[PDB]
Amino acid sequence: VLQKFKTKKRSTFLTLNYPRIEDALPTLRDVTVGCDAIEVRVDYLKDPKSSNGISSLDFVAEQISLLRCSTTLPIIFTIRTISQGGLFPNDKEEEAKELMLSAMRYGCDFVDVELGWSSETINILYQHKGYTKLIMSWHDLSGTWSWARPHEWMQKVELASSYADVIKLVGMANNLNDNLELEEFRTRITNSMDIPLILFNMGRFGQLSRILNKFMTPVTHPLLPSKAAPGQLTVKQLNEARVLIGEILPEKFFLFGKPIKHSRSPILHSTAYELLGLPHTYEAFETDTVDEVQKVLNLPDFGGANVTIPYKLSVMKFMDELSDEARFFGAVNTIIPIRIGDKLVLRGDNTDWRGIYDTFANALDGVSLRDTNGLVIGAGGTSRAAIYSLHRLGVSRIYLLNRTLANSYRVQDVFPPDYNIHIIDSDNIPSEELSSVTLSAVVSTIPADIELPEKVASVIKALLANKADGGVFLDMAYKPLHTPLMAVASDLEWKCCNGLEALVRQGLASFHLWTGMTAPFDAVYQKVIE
């Protein structure tokens, strides 16, 4: 989790500072865009039952879990005190310690531990850390601790190094020169030590240093009630700034295939750049052979490319590496360039399955699919991704339905014997086993412009009746937009998703693999459908 962040070029995290996590939930998917983690500023939370001024353990815990049910992002648990720029009283160390211990007990990924707390308390928190990583932090609100002559900073590093998984040092900038002295300091300390370091100056004058701090920079978003500290930037602003100073360079992205004339992938990715402050372009590049794409892959400014029909298999030729999924499904839709130095390495990945997986992940709310029953309909390439996706989400019985047994068997035999696949024969229908089968997830991968034979439709109708609360139906076709089966399902009260949603989320996964950043589904979807 930290190792992920360390080998990543640039990480950021959101300073979530609502008074209640309930207030965050409606727009949470928009405000976390581009972030690798979420800091819950515990000092900003307001407990309705308090009367001593401190959030109770029960409350803070209800809040933290409420958030964990709405996002998979790692969490940073931060109690920031008054003299470090937050709201938590400095005199109340025992109450802070109690809170931080609790956070480690329910598996927060990180805890911010201020170097103003007693060494007794710091040690006790260190002794109980478990898997939680400690961020040892100090903030110089005075702006008097020089980075060029850093006696007081080095005392703090000394104290922190006994305990730290990460060290966070934040100055207050009086002028440009303070940001420059800070970079000198960054170079010197980083040579002499290998605990990872968050390092910048707050203040409007400090903004350069935030931009240059690559590892775990805090960011905010316009919908949050306030900045956590002076000079703080949004993700959009942060990228915009990094582009303007020459840190992030413009990159050309592409779509290979034929016909691609009418692909809406360029609008999808164009929109994503615009919402994240990135300077990239994305272009359809239709070719008659696959071999004509090789000169594109070698452009000095090539940032990646999607691959659609008929080149998902024939392009694999040019890859040096494959992701597990690309190898397993024997197909590439996402080409990722990696400059290890002056060597180009091309990595093929496949996000087609992510269209399925990520759609369910978002459509489910609280509902976990661990130990539930699913149904996949169809036997093409997409059905295989659907089976993998349902399995990966924890479905313990994956029902598989087709016109013929041989079709279902071909698909089944890709996976091992204990992959929870249970084939249904539409001829010899085992009605009594199926009567008691309550489904939580369904995926149709078959064509929508053809009405089915009424011996298969009959079975689909019957199974869809038996439905778990919050159960989700997904149709992978978008032609028509509202399909025959979707109607059947919707009348039976299923939460329904369409193939355009999945297509959009495939693209977004590709975008994340390229830029290191997520993009918001809603606004990107609104421009694709236009």
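From 1 onward, residues are counted along the sequence shown.
Taking the mean C-alpha B-factor of each stretch as recorded, 231-239 and 361-369 are not equal, and the higher mean is that of 361-369. A summary of the deposited B-factors shows that, of 189-197 and 389-397, the stretch with the larger mean C-alpha value is 189-197.
Highest C-alpha temperature factor among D165, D140, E454, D349, as the PDB entry reports it: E454. Highest C-alpha temperature factor among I245, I260, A326, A96, as the PDB entry reports it: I260.
The entry lists a Cα temperature factor for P300 that places it in the highest third of the chain's modelled residues. In this PDB entry, the Cα temperature factor of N213 sits in the middle third of its chain's modelled residues.
When all modelled residues of the chain are sorted by CA temperature factor, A173 is found within the middle third. For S436, the recorded CA B-factor ranks within the highest third of the chain. Only modelled residues enter the ranking. In the PDB entry, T382 places in the lowest third of its chain by CA B-factor.
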